[PDB]
Amino acid sequence: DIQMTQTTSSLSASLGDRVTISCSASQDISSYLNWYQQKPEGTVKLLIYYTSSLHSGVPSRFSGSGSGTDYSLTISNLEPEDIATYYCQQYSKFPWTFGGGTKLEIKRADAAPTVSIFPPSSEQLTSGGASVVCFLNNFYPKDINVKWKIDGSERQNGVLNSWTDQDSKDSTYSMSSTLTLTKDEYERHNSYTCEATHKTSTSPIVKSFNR
Amino acid sequence: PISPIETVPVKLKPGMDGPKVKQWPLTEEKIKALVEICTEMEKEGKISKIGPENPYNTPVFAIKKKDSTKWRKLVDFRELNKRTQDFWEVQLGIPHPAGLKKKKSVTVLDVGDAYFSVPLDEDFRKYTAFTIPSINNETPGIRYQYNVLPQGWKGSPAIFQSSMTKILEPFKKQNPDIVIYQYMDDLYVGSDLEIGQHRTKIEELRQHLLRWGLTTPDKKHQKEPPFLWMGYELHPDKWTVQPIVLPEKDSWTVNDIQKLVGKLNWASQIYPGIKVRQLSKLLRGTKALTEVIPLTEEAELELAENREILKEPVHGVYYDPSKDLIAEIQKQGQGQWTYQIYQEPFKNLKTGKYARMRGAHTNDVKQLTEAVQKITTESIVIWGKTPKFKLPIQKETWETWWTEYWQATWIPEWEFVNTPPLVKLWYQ
Amino acid sequence: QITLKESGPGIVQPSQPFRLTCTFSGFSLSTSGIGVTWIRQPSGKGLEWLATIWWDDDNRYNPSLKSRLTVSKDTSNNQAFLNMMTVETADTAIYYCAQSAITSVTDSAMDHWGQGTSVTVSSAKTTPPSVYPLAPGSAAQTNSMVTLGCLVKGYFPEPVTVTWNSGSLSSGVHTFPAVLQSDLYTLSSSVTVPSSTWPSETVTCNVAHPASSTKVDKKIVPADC
Amino acid sequence: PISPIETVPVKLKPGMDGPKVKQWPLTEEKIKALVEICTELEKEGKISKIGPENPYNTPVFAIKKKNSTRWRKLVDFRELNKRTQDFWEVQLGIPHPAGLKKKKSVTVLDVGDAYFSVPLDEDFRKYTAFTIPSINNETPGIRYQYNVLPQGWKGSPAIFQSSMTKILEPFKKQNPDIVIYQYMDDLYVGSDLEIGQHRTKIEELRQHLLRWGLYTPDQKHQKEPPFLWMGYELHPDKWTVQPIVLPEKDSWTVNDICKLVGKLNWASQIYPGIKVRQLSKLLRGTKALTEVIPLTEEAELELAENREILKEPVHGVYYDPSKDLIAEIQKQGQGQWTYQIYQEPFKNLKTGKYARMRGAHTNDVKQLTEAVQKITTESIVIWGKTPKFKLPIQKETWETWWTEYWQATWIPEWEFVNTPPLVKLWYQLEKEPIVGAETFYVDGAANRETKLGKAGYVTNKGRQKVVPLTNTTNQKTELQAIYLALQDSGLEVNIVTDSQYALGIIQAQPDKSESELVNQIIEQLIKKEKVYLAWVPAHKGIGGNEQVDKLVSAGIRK
DNA sequence: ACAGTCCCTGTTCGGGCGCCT
DNA sequence: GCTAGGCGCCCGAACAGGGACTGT
Ligand SMILES: [Mg+2]
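Named according to the PDB entry, chain C is monoclonal antibody, light chain originating from Mus musculus.

Looking at the PDB entry, chain A carries the name monoclonal antibody, heavy chain, with the source organism given as Mus musculus.

**So, the coordination of the magnesium ion**
Residues and elements named next belong to chain D. The coordination sphere of the magnesium ion, as far as protein atoms go, consists of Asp443 (OD), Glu478 (OE), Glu478 (OE) and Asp498 (OD), spread over 2.2 to 2.7 Å. Each donor residue of the magnesium ion belongs to the same chain, and together they define the spacing D-x34-E-x19-D. Of this pair, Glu478 sits in helix α10 (residues 474-487) while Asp498 sits in the loop between β22 (495-497) and α11 (500-507); the two residues are 20 residues apart in sequence, bridging distant segments of the chain.

**Things to note about the nonpolar core**
All names here are of chain B. In terms of nonpolar packing, the biggest core is built from 88 residues, with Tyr146, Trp153, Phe160, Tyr188 and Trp406 touching the most fellow members. The element that contributes the greatest number of residues to this core is helix α10 (residues 364-382), accounting for eight residues. Not counting residues within four places of it along the chain, the set of residues in contact with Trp153 comprises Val10, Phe77, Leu80, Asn81, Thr84, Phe87, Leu120, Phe124, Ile159 and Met184.

**Thoughts on helix α9 (residues 395-404) of chain D**
Residue and element names in this part refer to chain D. Buried residues of α9: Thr397, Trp398 and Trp401, and no others. Buried residues of α9, seen end-on, are gathered within an arc of 95 degrees and therefore sit on one face of the element. On its buried side, α9 packs onto α8 (364-383) and β18 (414-416).

**Some words on the sheet that holds strand β21 (residues 464-469) of chain D**
Residues and elements named next belong to chain D. A sheet is described by the order of its strands in space; here three strands give the open sequence β19-β20-β21, paired in antiparallel fashion. What marks the edges here is a single partner per strand, and that holds for β19 (441-444) and β21. Each strand of the sheet is rotated relative to its neighbour by a mean of 10 degrees, with strand direction disregarded. As paired strands, β19 and strand β20 (residues 453-458) are joined by four bridges and run antiparallel to one another. Looking across to β20, one finds that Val442 is bridged to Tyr457.

**A look at the protein's contact with DNA strand E**
Residue and element names in this part refer to chain D. As a structural note, the neighbourhood of DNA strand E is formed by 21 residues, with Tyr183, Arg358, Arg448, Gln475 and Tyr501 the closest of them. Backbone atoms, meaning sugar and phosphate, make up 89% of the atoms of DNA strand E lying within 4 Å of the protein. Separating a phosphate oxygen of DNA strand E from a side-chain N or O atom of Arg358 is a distance of 2.5 Å. A distance of 3.1 Å separates a phosphate oxygen of DNA strand E from a polar atom in the backbone of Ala360. Contributing elements (two or more residues each) for the surface near DNA strand E: α5 (254-267) and α10. No other element matches the five residues that α5 contributes to the surface near DNA strand E. Of the residues contributing to the surface near DNA strand E, the split by class is seven nonpolar, six polar and eight charged.

Analysis parameters
Residues numbered from 1 in each chain as written, not as in the entry; some residues may be left out. Chains lettered and ligands numbered in written order. Heavy atoms only, no water. Donors = N, O, S within 2.8 Å, 3.2 Å for Na, K, Ca; no water. Helix = DSSP H or I, 4+ residues; strand = E, 2+ residues; numbered from the N terminus. Core = buried A, V, L, I, M, F, W, Y, C linked by side-chain atoms within 4.5 Å. Buried < 20%, exposed > 50% of the residue type's maximum accessible area, 1.4 Å probe, protein only. Contact = heavy atoms within 4.5 Å. Arc of directions from axis to C-beta. Pairing = 2+ DSSP bridges. Axes fitted to C-alpha atoms, helices over the stretch in contact; angles between N-to-C directions. Near = heavy atom within 4 Å. Polar contact = N/O pair within 3.5 Å; in protein donor to acceptor, adjacent residues only side chain to side chain. Nonpolar A, V, L, I, M, F, W, Y, C, P; charged D, E, K, R; others polar.

As structure tokens, then:
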């Protein structure tokens, strides 16, 4: 079973740059590799087939190369559309296998996460539940960590999370963390600390509330 | 016992006996397949066991067609086909369509089985005898003969033509834009339809045959890497003609001029409009080979002029269906091979270049047999006859492997020549 | 001119089977080189190959799922099928169907694709979401910009539409993708607006859940004290 | 008894009649002996009295064995044979113990009175008519004809083998796991059955042959290792050729050379290295039969070296299907090559030797190619499989050859075993004219009506030499001129001819030839450092060619 | 513009020996 | 006043076909 791997997982760059994606095969595939482009929405298009043949309609700024085990995709000068996720598929043997995908991003000036925390709504508390929401909006790059701390001691149990895709306007990412406890588990405490650690500041950005 | 249709009398050429050719060694894999396919034809009564009383013989072997995986029995009836060349050629021969050469796509179907349904002249049967060998000469060879039109015999398509022309009447009427030619165990079907639409129509033709008793090998189409089944159809238009070409330079040494006149002298036999006097003058006394002789103005007037004649149709060269066909192959190296087809000395009909194939994978013998087949195919299509081959190889060598790469129902007539690089009269 | 559309059930009970339909036009599943391929893509992960059905019925399946896959075809009406038996939550993904074709002796790729049908695997019953406002509590606003939120908890199935002020606010809006909360879905949305507009001017959260035909608004009232 | 096997039909050659050869008067002593024999053969159904109508006769005289004193009926069918139709002989080659697979239980059987057990075509017996002259010139001798396959008749072997194949035919269809090596009237049967179930199958066979009239005497190989088969001895895991007695006489006639060489060849099939090239060139000539021939040292070293390796008791092993075959070639004396086919390190299956020089001018690469081909065929015949080779030629050497040789050549999967003398090309040839060397213009000529002719070169440096020859021809003189420019030059040269004949023999890169003139030109090529030949169309008046032409053409004109 | 010979090399075949049944 | 058929090797004779040269 031919394992197709694209080492480079998430790659950021700028408009006009030259990028190359690498697709490594598990064994010699004799140049029977095809390249696929999947826009942020989801539609999938065929760029290159047979290592380096452009599929009618794909711009000339697209070119493939490689042989035997190592294969590479090269987008000469990035355009707004190009910034997407790219897939390599091998067909020298069933089952057909696809790479791991390489997300192409947009390079931006770094930015810190605007952290906001929210006490469990009253209505939520009326039902018998309690969720502490904590937004981490608009930062760069994506890599970020979060830690919850109740009354000093930390709690890693009960924390949901949600990451967004690179915004297509300001090129930033955002994350939503939610600590869900019970009406009892909640009231039986006072300090709830949302802590976020981004590469921008050595000091973790912290936001909390009481009662 | 097979068909109540009246048997047609076949007699060998006057004063000539039947084939008495010996049986060459066969590999276990081929004997095993050959013994099997023979047992079955014996049961069905197409073939009868015979003994020493039959003084005649012919060679047999089997080829495992990469076409359909399934083996095929081949009987080298080349000797027998010569001994009866009055019957099929002059007497009752199959006309040739000048239009088959003119089709973007042509597929070829193996319609051999079609023959196992017409009784062979009861008397002529003795000549079709053949022997099956055994590994390590374990048992005397097992001999058989035909009772029905044998495959690979020039007479079969000739006799079966009556019923074959009737089986094709309908299809040819509902598709007057498709050309169909029969050559021995083959049906060359060519169309100007789109490739995928051609594949269909051929597939339809197979049906029409099947609805008449004629079965045709089931060709496989693999879904992996080398999609070889895309080569099944030939493209007569895509076929090119490799002309003679004179080198282009600025610094011509003594050596260069010699060779350039040598080649031009050779070519003078093809094109009478080749002159060398004006160019040989540059070489007058005993000069050293490594010596850049300046090309004269009126001297390079022929060098660029003669080449203006080396891209034209040879001198009124026409094909004569009454003369044999010859073909020469020269190993041009780096896997490339060139060839020429003619009936007369220097008035050749086609000159081409059989470019390489990745399935040959650096094996001189394998590439030559493929070249022979490829050339034969072109011949049958264009003129409707197999050429005799002047093969650039040693008898001992060709007769040890040609079968391992043979993939055709017919076997062409060949001879071996040891002609060294006469001249690069064919600049690749 | 080649088009392909997948048809599905979208929502399938666990252990039950599902049948995808690829309705196409522009080519025939009878022409020599054509075939129709089925691709899967778990939400978040990459592309996985399922099976390819060809014109000559010489089909090929993914070895990991051959036991639950079966690809059919209705060459007459131009339709390709994909059946999967005893589905699990792990089969919740977007299924695409593309026109695979063998051009020449080396060219073989999936020329055109479809938009894919999403098939999710769960026993969960269509239940509407409970909306809860999110206003800075215990921390009064300063004089810059304030970030209000909205929580859409415990609903099924996807999707949900979230807007602010009946669609007025759209600048600093962030609606995060949902997550599984015991078979149910839970997502939140955040809006950032200058403190000079809140709470001086009302800010309401709009939540739409088509499955349950429910449309509820929730006003982001400031903190109690 | 006799056989109920349908009789095979035989005819006489188109347009011939039967043998009407007169009978010689035999002695009353010889006659009375024949009478007993024939009354016996007639009593047993082998022959029968014919009528006065039968006009055919073939000579029949009696002869006694110098040991048992028993007289034997000997009928000379030389004339019938010359008139009997042609049979397509079914026996295609002798079997070889090397192709036998190791079997649990082995039994060998022989058929008694084989020929005398198969009926002869009834519409042919009349031709086998013979007569037994009487004691006195009184009344005509007794007339007889054959009813069974006549001993010493053309069709007797071919007809008996086919008959025999039909007999086993059904039995082999019911016992696909028992191999029967059918050879003339000798049967080798082997299988992996238990000694008991085996002998129960062998009896089953003897009783099936007896059903068709084939008797298998109790003088058969029952559990008797080694088995005496086809002239070899079959042991459990090893086989040996039966004692070959090398003829050691005082004087040696041409006939004794033929008696020695053949026995040596016979032995070379299993004995490692055996050379024959040498003592074989002794009969070399037109001198025939019994004529003492002087054994040169060339032959003495051959006989000595052979008798030694023949005094080394060796063996062979049986064939193992799973483990493929390996053939290793060794290069020895002029054109002498030796090979050993095996499947396991030094566990020989069969050995041998090829020394056929194909072509007047060949080389070691060519001949190695020739050996590989004939080994393949031989393996296909014994094992129906192409073997893997271990050739003593550099991978690089081979790449050079086939890549530059105009003739198509190839060799199956092979490895390189470095065991001298290694095979390689002795001299290269420049693709491009070398700069800094005399570019000779050589040519020759001669007169067919005369016998002699000149030959020489004209170099660019104005140098000229023309040496005249006697009893030579154009091809030899145009080949001579190239020999001169070779001796008369340094380590780098640029010869230039007008004959392909010469050029061709050269480009072929030969390292051995039949005529000496070429052995000399080869010797020079191997000695130089950068040779380069070029061709130019003669009689077309071109460059330095005209010079040598007029100069050597003192016999021809223009 | 060959027809008529002569060379030279590659193949076939008949002969004798070896071996077998 | 003795085999046939088969395979092998080695040898030399007759053959056959492609080229090259000489004479009208
Ligand atoms: Mg000359």
